[PDB]
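Structure, as structure tokens:
Side chains are part of it too, since the values below use all heavy atoms of this structure and drop only hydrogens, waters and symmetry mates. Start at 1 with the first residue, then count along the sequence.
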Amino acid sequence: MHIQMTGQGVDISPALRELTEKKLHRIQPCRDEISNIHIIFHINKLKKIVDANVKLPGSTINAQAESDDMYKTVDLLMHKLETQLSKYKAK
């Protein structure tokens, strides 16, 4: 799996980078069918938004989540991804 991370107006800390990596490597179902994941971190005032673009064979998943804490946001985005992956699998 190929993971690209971009901080838009924000510097992705090493810890946040590692945390996001290991959680993506845990995601399911159909994780091994994923070719590319591009993650974009950004903040809008107090909002810690994390956005993700995931490429599977034949389709693409776009998911976004936000909170007051970037680490918490990542966690939220994973649940949205898993949901979207489960729909993908169900099709």
Side-chain angles (χ1 to χ4, degrees):
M1 180 175 59
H2 187 54
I3 295 179
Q4 182 183 354
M5 304 195 190
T6 304
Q8 189 202 22
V10 282
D11 289 12
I12 306 170
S13 69
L16 180 64
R17 185 168 192 87
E18 175 178 32
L19 184 276
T20 302
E21 275 181 4
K22 80 165 187 174
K23 272 186 179 157
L24 281 172
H25 291 317
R26 286 179 178 153
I27 199 176
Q28 29 146 82
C30 300
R31 179 180 63 243
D32 285 275
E33 302 183 26
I34 298 177
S35 62
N36 292 283
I37 301 193
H38 194 166
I39 299 180
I40 300 187
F41 299 84
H42 49 291
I43 84 105
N44 188 328
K45 291 180 176 178
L46 294 172
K47 299 189 300 181
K48 303 306 188 304
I49 302 93
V50 179
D51 191 8
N53 174 266
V54 171
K55 181 53 178 164
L56 301 144
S59 55
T60 303
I61 293 182
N62 295 282
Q64 188 191 62
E66 71 180 46
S67 66
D68 54 21
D69 180 10
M70 198 71 79
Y71 285 83
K72 193 185 190 307
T73 304
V74 166
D75 206 280
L76 271 48
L77 183 57
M78 299 301 99
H79 294 288
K80 289 191 170 185
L81 284 190
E82 295 210 295
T83 298
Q84 290 307 130
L85 282 163
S86 285
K87 289 183 176 177
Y88 163 85
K89 179 183 182 181
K91 293 164 182 169

Legend entry - Side-chain heavy atoms of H38 within contact of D51, under 4.5 Å: no
Inset, instruction - Taking the side chain as every heavy atom from C-beta outward, state whether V50 and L76 have any pair of such atoms under 4.5 Å apart. - result: no
First locate atom [atom1] of [X], then atom [atom2] of [Y], and finally report the distance between them rounded to the nearest 0.5 Å.
| X | Y | atom1 | atom2 | value |
| --- | --- | --- | --- | --- |
| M1 | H25 | CE | NE2 | 4.5 Å |
| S86 | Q28 | OG | CD | 8.0 Å |
| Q64 | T73 | CD | OG1 | 10.0 Å |
| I37 | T20 | CD1 | OG1 | 10.5 Å |
| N53 | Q4 | CG | CD | 10.0 Å |
| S59 | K91 | OG | NZ | 7.5 Å |

Count I, L, V, M, F, W, Y as connected when their side-chain heavy atoms are under 4.5 Å apart, and connections chain through other members. Are [X] and [Y] then in the same cluster?
| X | Y | answer |
| --- | --- | --- |
| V54 | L19 | yes |
| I40 | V74 | no |
| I49 | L16 | no |

Legend entry - Crowding at NZ, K23 (>12 non-hydrogen neighbours, <6.0 Å): yes
Inset, instruction - For side chain to side chain contact (heavy atoms under 4.5 Å, CB included), just list the numbers for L85 and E33, CA-CA rounded to whole Å, side-chain angles, deciding distance to a tenth of an Å, and then say yes or no. - result: CA-CA 10 Å; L85 282 163; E33 302 183 26; over 6 Å; no
Inset, instruction - Show your working on side chain to side chain contact (heavy atoms under 4.5 Å, CB included) between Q84 and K87 and close with a plain yes or no. - result: CA-CA 5 Å; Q84 290 307 130; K87 289 183 176 177; 4.0 Å; yes
Legend entry - Heavy-atom donor-acceptor pair, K48 side chain to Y71 backbone, under 3.5 Å: no
Legend entry - Audit row: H2, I34, side chain to side chain contact (heavy atoms under 4.5 Å, CB included) steps and yes/no: CA-CA 8 Å; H2 187 54; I34 298 177; over 6 Å; no
[X] and [Y]: which non-hydrogen atoms are nearest, and at how many Å?
| X | Y | result |
| --- | --- | --- |
| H42 | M70 | O-CE, 4.1 Å |
| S67 | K72 | OG-CB, 3.8 Å |
| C30 | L56 | O-CD2, 4.0 Å |
| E82 | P29 | O-CD, 4.1 Å |

Inset, instruction - Evaluate side chain to side chain contact (heavy atoms under 4.5 Å, CB included) for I39 paired with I12, printing each intermediate quantity in order. - result: CA-CA 11 Å; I39 299 180; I12 306 170; over 6 Å; no
Inset, instruction - Determine the sole option in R17, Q8, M5 for which the side-chain contact (heavy atoms from CB on, under 4.5 Å) test with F41 is passed. - result: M5
